Amino acid sequence: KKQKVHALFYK
Amino acid sequence: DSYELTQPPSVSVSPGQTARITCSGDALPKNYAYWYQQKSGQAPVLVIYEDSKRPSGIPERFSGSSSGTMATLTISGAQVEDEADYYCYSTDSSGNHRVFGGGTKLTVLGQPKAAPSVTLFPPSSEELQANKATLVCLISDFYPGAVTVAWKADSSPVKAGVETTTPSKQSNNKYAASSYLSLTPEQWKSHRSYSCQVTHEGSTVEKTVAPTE
Amino acid sequence: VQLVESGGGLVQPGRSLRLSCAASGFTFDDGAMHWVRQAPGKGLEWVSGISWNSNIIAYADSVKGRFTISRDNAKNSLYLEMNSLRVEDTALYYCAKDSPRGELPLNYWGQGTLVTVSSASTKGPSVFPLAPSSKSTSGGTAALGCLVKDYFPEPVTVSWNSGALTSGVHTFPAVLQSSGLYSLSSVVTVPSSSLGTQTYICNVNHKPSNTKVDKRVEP
């Protein structure tokens, strides 16, 4: 898909 | 500067018409766009997420799309309560940057468009006697409330010494702004003229003053 | 559900502040929390964020090495330690929270706390007349005014003819200069025929510095 804007905080 | 999302500074729509606000960004093909609405004196509110999804409580007239390097917020059948600043928000693929666009002032027109009244004052004799010089460009009664200001010394653009306010709403719902150019008395007396150029809705008015006046 | 910020204030460049954000009414989910700032009249800027367990932290390039975010869920609090403050850090600072899994980012916002970074000291304004002329004259009316230059802090008030003149008066919002000092202008539109007969005096009050100025404005 596309990356969500705060993805890094949920990895 | 950093990774950038580019929005038009201002969009105006008549009530019932469709408003479109664009957001261009190189990473948009691979990263979702999000949109926030911010009314004067209030915190922002999320209105579109993941390019096209609407949170609960957001009217169906709001929609979003993204194609290539451009995301668009569409408000179909704009209502007066939709007047606000809108911001797009996204990240680059590396996740190094989370950035907002510069914002778009959406005016839902509630009165006729109105060109600004512009008055430019030269440095006063009193200020020169204090070894200072300020040119004063006063801009009032414009609508919608978006303007840009540029200055010239003779025919040449000048940016040094320029301070300009953001537009503020007047009691009559039109807008006001001001711009100041600080110079030394020698600089003022050495040029044939100085000019303030005020642009509103694509229309630029130039006012000029001269030390020999 | 509520987010309430505090800790903002006035400091000189190079000094420090610690912002806090108290959260109420939230259950214990994985939503990340964030600081977002906005300078007066300008756009939003993401500053810093922190995961639910504080394991993941990030900063805007503009504040990296100067700001430190932290979070203590036991006190329902979020913090921002701001060191080596710069004038351009001046802004309203919002705390914000994501919905779970970051599906709705910045779903919840506070009201903001104001941070002002300034090297300015208390100073009364210099006031200069803005004389009416043929160039500020049209349609039977002329514009004249007063320039209120280089004061700190806000606010100033301006009247004309000791309050007897109110019609046609427009006092503009102040500009904040690079010096850290403010300036504003007040103008009045009057009949051009009155320029040779009616005296115009602006009365400027800057109570913070205990200064008052009366300036006659002549053609």
Side-chain angles (χ1 to χ4, degrees), chain A, chain B residues 1-8 11 18-38 43-76 82 84-104 106, chain C residues 29-38 43-52 56-61 94-109:
Chain A
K1 305 175 183 295
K2 296 188 183 185
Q3 179 181 213
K4 298 176 182 181
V5 67
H6 292 168
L8 78 164
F9 294 109
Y10 303 95
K11 294 248 183 61
Chain B
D1 304 337
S2 181
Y3 171 65
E4 199 166 277
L5 295 179
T6 301
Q7 293 179 242
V11 170
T18 298
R20 296 182 180 84
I21 301 176
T22 59
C23 173
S24 63
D26 289 327
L28 292 176
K30 301 299 182 184
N31 301 271
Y32 287 121
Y34 302 77
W35 291 91
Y36 299 85
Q37 176 194 71
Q38 187 185 33
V45 177
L46 179 67
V47 297
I48 290 292
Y49 67 105
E50 293 170 10
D51 288 350
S52 61
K53 299 191 166 191
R54 212 162 41 244
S56 308
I58 305 301
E60 30 274 276
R61 65 179 176 274
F62 289 82
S63 65
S65 64
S66 184
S67 175
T69 56
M70 192 181 317
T72 305
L73 176 68
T74 297
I75 305 177
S76 62
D82 298 334
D85 296 336
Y86 291 86
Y87 294 90
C88 62
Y89 184 55
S90 194
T91 186
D92 50 9
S93 294
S94 64
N96 290 343
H97 306 104
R98 284 143 296 279
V99 297
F100 290 94
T104 298
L106 176 66
Chain C
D29 62 37
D30 74 352
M33 294 184 79
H34 308 265
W35 290 98
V36 174
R37 72 185 176 184
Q38 184 171 45
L44 300 169
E45 180 180 25
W46 182 90
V47 175
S48 184
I50 186 165
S51 67
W52 70 274
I56 307 170
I57 285 173
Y59 300 97
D61 290 351
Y94 289 105
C95 69
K97 183 169 188 179
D98 294 347
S99 83
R101 300 174 294 101
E103 194 157 8
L104 308 178
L106 315 176
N107 195 44
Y108 308 99
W109 293 71

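Each chain gets a letter, A, B and so on, in the order the sequences are listed, and its residues count up from 1.
Residue B/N31 forms a side chain to side chain donor-acceptor pair (under 3.5 Å) with just one option from B/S66, B/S90, B/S93, and that option is B/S93.
The line from NZ of B/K30 to CG of B/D92 is 14.5 Å long, rounded to the nearest 0.5 Å. Interatomic distance, CD1 of B/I75 versus CZ of B/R20, reported as 11.5 Å (0.5 Å rounding). With rounding to the nearest 0.5 angstrom, the OG atom of B/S56 is 8.0 Å from the CG atom of C/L104. Atoms NZ and OH, from B/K53 and B/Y34 in turn, are 10.0 Å apart once rounded to the nearest 0.5 Å. Taken to the nearest 0.5 Å, the CG atom of B/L5 stands 9.5 Å off from the OG1 atom of B/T91. To the nearest 0.5 Å, atom OH of residue B/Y49 and atom CD1 of residue B/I58 are 11.0 Å apart.
The main-chain N or O of B/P8 is found under 3.5 Å from a side-chain atom of B/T104 such that the two form a donor-acceptor pair. Judged by distance alone, the side chain of C/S48 and the main-chain N or O of C/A58 form a donor-acceptor pair under 3.5 Å. A side-chain donor-acceptor contact under 3.5 Å links C/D98 to the backbone of C/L106. A donor-acceptor contact shorter than 3.5 Å is absent between the side chain of B/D51 and the backbone of B/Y32. Listed for the B/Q7 side chain is no donor-acceptor partner under 3.5 Å among the backbone atoms of B/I21.
Counting all heavy atoms, side chain and backbone alike, C/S51 lies closest to A/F9 at CB-O, 3.6 Å. Closest of all the heavy-atom pairs between B/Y87 and C/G43 is OH-CA, 3.4 Å. Here the shortest heavy-atom pairing between B/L73 and B/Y86 reads CD2-CD2, 3.5 Å. Between B/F62 and B/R54, the shortest heavy-atom distance links the atoms O-NH1, 3.1 Å. Residues A/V5 and B/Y89 approach most closely at CG2-CE2, 3.6 Å, considering heavy atoms. Of all the heavy atoms in C/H34 and C/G49, the pair that sits closest is ND1-CA, 3.7 Å.
A 6.0 Å sphere centred on CH2 of C/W109 holds more than 12 heavy atoms belonging to other residues, nucleotides or ligands. Other residues, nucleotides and ligands contribute only 12 or fewer heavy atoms inside 6.0 Å of the CG atom of B/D26.
In this pair, A/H6 and C/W46 present their aromatic rings tilted. The plane angle is within the 30 to 60° band.
Under a 4.0 Å N-O distance rule, the pair C/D29/C/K97 qualifies as a salt bridge. A salt bridge links B/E50 and A/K4; the closest N-O separation between the charged side-chain nitrogens and carboxylate oxygens is under 4.0 Å.
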